[PDB]
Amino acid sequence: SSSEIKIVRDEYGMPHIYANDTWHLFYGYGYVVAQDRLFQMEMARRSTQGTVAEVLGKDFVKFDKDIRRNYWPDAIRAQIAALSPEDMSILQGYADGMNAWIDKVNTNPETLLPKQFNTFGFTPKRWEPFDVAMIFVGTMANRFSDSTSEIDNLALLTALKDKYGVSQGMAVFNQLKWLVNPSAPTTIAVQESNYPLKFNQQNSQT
């Protein structure tokens, strides 16, 4: 059946989804996620969108602000709007699947509502593709691929040049924060290849 989604959980409760098309497949995925991790995913959503203070109060206002200042919603929405129907079906199916279970949860909370929701004083709302995308953007991109300390770096360099002088200060900077170190153990052996690109280590942009 084209509308059929089969969910088989193994001996550790791990779900396997069987479906014919993209939307149904990720609908099943989202469904089982809502069953297994609804509170975790709700709080992950609020974490990635900076809406934690909404349920946990003033101690998370700074957190929420920092989250929102670190991305641009409309840009993410534009990327989603540009997705082909096939790719959209991944996100839409996923969200729809979560909503299917979430609706059941809110129809019979006395039996299906995860305890934490009662404890923390709110109830789960439906998800959209944007929400699913932001779980990834906010927990993989914005936190594992968004690292820089250039402003601090420059402060260090400036301090070094003041202590040691211009030339020696620059040299000590290259000693503490080298651009490359040829003795660094590499995952790819030197016999295989090396990186072609070389950079300037003098801050010529000043």
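Just count from 1 along the sequence shown to find any residue number.
Legend: mean Cα B-factor per stretch from the PDB entry, 126-134 versus 106-114; the higher mean is in 106-114. Note on 91-99 vs 116-124: mean CA B-factor is higher in 116-124.
Across 166, 44, 61, 156, the entry's maximum B-factor at the CA atom is seen for 166. Within the selection 188, 197, 25, 14, the deposited Cα B-factor values reach their highest point at 197.
Per-chain ranking of the deposited C-alpha B factor places residue 181 in the middle third. Residue 56: CA B factor lies in the middle third for its chain, per the PDB record. For residue 142, the recorded CA B-factor ranks within the highest third of the chain. Only modelled residues enter the ranking.
The entry lists a Cα temperature factor for residue 160 that places it in the middle third of the chain's modelled residues.
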